[PDB]
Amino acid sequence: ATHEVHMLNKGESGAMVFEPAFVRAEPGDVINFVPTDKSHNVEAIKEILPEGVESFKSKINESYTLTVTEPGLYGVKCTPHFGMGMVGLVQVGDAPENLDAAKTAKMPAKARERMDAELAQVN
């Protein structure tokens, strides 16, 4: 249905952080991105995106909403704190076609650290 993601300087998970960092959703489902902390945004990791999905990037300190219809893995990052490891992951539907790629897509060490972490949450 609807899924709220907080964008945090600091959180229970760590520093520069999407909470929740992983989201299971289904077609039609809505992702509300929410500026709990200023200085963040949410851009698409295009080497983690189902084919047919439009690239996107949000204005800093402001809100954002993505709509999901296409199954698979949607990768997201915060543009200025990408290399600080601030990333998220949304899986829609069973056995995502872009699975291996998520695991293999080249990104900042810290981003990759947390990506694989939200990746082990896939079902």
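For every residue, the number given is its place in the sequence shown, counted from 1.
Looking at 43-51 and 81-89 together, the entry lists the larger mean B-factor for 43-51, computed on C-alpha atoms. Stretches 52-60 and 31-39 differ in mean CA B factor, with 52-60 having the higher one. The residue among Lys10, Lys106, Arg114, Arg24 whose C-alpha carries the highest B-factor in the deposited model is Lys106.
The entry lists a Cα temperature factor for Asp94 that places it in the highest third of the chain's modelled residues.
When all modelled residues of the chain are sorted by CA temperature factor, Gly75 is found within the lowest third.
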